[PDB]
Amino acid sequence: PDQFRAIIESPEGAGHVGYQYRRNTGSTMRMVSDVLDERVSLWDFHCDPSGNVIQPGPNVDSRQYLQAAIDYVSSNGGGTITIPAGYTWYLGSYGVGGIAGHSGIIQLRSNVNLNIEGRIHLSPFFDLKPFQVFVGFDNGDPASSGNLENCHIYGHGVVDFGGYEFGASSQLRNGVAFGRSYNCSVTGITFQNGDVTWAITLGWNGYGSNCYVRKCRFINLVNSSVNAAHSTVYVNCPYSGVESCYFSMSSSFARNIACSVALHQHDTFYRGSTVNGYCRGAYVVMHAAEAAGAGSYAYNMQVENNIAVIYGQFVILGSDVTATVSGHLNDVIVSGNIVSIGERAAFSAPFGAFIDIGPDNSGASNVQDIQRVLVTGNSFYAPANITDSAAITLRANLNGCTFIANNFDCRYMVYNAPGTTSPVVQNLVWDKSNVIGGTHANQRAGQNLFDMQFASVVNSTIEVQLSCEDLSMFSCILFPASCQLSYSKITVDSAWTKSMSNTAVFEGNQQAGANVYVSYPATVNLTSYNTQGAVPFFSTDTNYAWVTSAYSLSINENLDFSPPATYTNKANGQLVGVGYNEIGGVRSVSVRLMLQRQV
């Protein structure tokens, strides 16, 4: 009767108004409320205890309402909650329960997706405090946490950290901590305007799978000297990665502390992304302390087709150990990336490198087990003034890394600082197809292009090929006497080297070793016997006991004689060859030779 009017204006009203899709007689006879129940938004929970809707804004703490939404949808097996466009939804307090320990604001739950179309902002309650905006753990102790599965965050919206600085270096801040996370992702979202430790973390100590970050943007997420460290996406579960993202920082501190991506477990990737203003591109590291979920090996690591302007190192390789676990890194590919060091003074940020073999956190360089790394088809450029730029800074033990078909245009090709660490190196392979650029030509006074400041080098190949002159460099490659060298191949192509005083330098005459295979140019003075006809020439110096053959790199300006085209040696360390005196007489010549040993 008039009871009907009352029902209709009541909350159950829509449950009494019939609907059948497109008047189709074969369709289900439903009620309007049933169709509206097919979707869900924050508006459906953003109300006071009387059920009246509350408008969001800077004086409203939306946290409890969003939590209620997620908890309720979780209760029905999942779904997608929309965070509506055209509004900014402020968060103003910590969550409670299991996420309390993680300084969590919102607890994510399995199968409950968030479609963020509007903006989520942190209120000043969080200034100078830690926070983790979305947390997937359900326990304060991550080891007793259940899992988070099938949770996807996506949309055109924004998460804005409100510009608040850290209160103390020891604090952590995150956007999305997925936890022990399986089939979770973040797509399309802009994370901005903060001072945080990470924007997103996938996995927890190897527990997790199939977590991805795609088409997101990360903008100005470090802003203070208080911030101890930053990796925008931290990939800590296997079969997981970052694809087609954009990362930008503009603070000075970001140039010293910030890394775009950290890959910490097997079968992870970082691809198709653009970085600007960061210290570092990617960490690729097996931390023993994070090896509980997916084992002790980081393998199948891929960094590909990225574009970066950074201030420190592009890719940092590592592994370490704990009292009970030893970490290992292997089967890595770095390819297709175009990377430059941004304009900066020499030494004004961490040492510029395409690849860095870094020591562990405690600075130890003798714990690493890094091998089967392929670095291929990349471009790297540093401005000419940046003394501290290298294709590779090899500062810790290396068990293998292979470079093929790259283009490196920076100050050093291989570098480690002297005095410092003395890395044990095996299976360092520098193929002849690496092109060494000319930007730093004339800047290398006192310096060695490949500065082999290592404890030892074995089973390695360095094939140096210049593509322009740099007569400022001390040598193309130098081994100090402290570096053992064995079962290696070291060659310097003669092109652009004719005027170099030193090409390859072995300060402990390591090139004499039984299984060292070398070649490089040198200038040699020779004197002949006086005999007319076929006549020997002999080097005046006796430094060539290790030489198997040598050949001329100089023309013969003489008519009446010619020096030998090719030389061998003698037991006293002289070179000897057979030339020709048309007319007799003692000859004396200075010739550029290619010295060869076992090659």
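Counting begins at 1, following the sequence as shown.
According to the PDB record, 417 to 425 carries the higher mean C-alpha B-factor of the two stretches 298 to 306 and 417 to 425. Judged by mean Cα B factor in the deposited record, 62 to 70 ranks above the other of 62 to 70 and 549 to 557. Note on the listed residues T491, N111, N330, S379: the highest Cα temperature factor in the record is that of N111. Comparing the C-alpha B-factors of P84, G513, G312, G400 in the entry, the top value falls on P84.
Ranked against the other modelled residues of its chain, the C-alpha B-factor of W198 as given in the entry falls in the middle third.
Ranked by C-alpha B-factor against the other modelled residues of its chain, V599 falls in the middle third.
Split the chain's modelled residues into thirds by C-alpha temperature factor. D369 is in the middle one.
Per the PDB record, residue ranking by Cα B-factor puts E165 in the highest third of the chain. In the PDB entry, a CA B factor belonging to the middle third of its chain's modelled residues is recorded for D470.
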